[PDB]
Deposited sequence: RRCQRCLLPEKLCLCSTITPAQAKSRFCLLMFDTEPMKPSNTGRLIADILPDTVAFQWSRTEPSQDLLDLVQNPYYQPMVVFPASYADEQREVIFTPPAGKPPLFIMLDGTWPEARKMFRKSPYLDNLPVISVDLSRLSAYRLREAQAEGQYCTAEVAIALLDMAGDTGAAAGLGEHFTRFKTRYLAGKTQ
């Protein structure tokens, strides 16, 4: 009764509406559980609009070597997307994607206690900059300026100059949330 690709009740299936976009930015979803994707999980909306998004199962002791190879690939400028109130005094915090190299935005995908734990117990992320997100930019896409993973990504895409992809994901996100609420009725 639910479509397996978009996870909505089959009558509200939005798969035919999906139009991918292009962006200089790249996302990496670091997932706490990778359990059978819950419909309310907005992180997966990002990969619908930006199919080059990567996702990794998080692991406290044995991090995947694909993940290590990505976050260490000097082609990207990687950053950890998490609220700056969590970072320690010595941690570099930035407020803009830096200039020059394409950003790799590392999103901590889980509940808040799970994402906090991921933030504190992942040594391969510890020397990366934290990007504090400018959520006021959601207004330019007519979204309410915590915030879910797809809303942060929209702000990040806008912060990087990727306005086509930001608008694309905003429309996709709104479309999902509307149909999700409808199928709840």
Go through the deposited sequence from residue 1 and tell me which stretches lack C-alpha coordinates, in order. 146 to 150, 191
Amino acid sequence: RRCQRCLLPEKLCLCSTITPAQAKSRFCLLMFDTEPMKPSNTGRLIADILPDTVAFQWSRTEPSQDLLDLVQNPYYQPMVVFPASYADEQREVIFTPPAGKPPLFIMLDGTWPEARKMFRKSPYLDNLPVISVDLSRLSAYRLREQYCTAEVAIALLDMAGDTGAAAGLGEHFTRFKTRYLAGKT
From here on, numbers count along this sequence of modelled residues.
Given the B-factors recorded for C-alpha atoms, which segment has the greater mean, 2 to 10 or 174 to 182? 2 to 10
Mean C-alpha B factor from the entry: is it higher for 65 to 73 or for 33 to 41? 33 to 41
Test of reading the entry: by CA B factor among the chain's modelled residues, which third contains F105? lowest
Where the record places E151 (Cα B-factor, split into thirds across the chain): lowest
Tell me, lowest, middle or highest third: where does the Cα B factor of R60 rank within its chain? highest
Sorting the chain's CA B-factors, does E145 end up in the lowest, middle or highest third? highest
Taking only the Cα B-factors deposited for this chain, tell me whether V81 sits in the lowest, middle or highest third. lowest
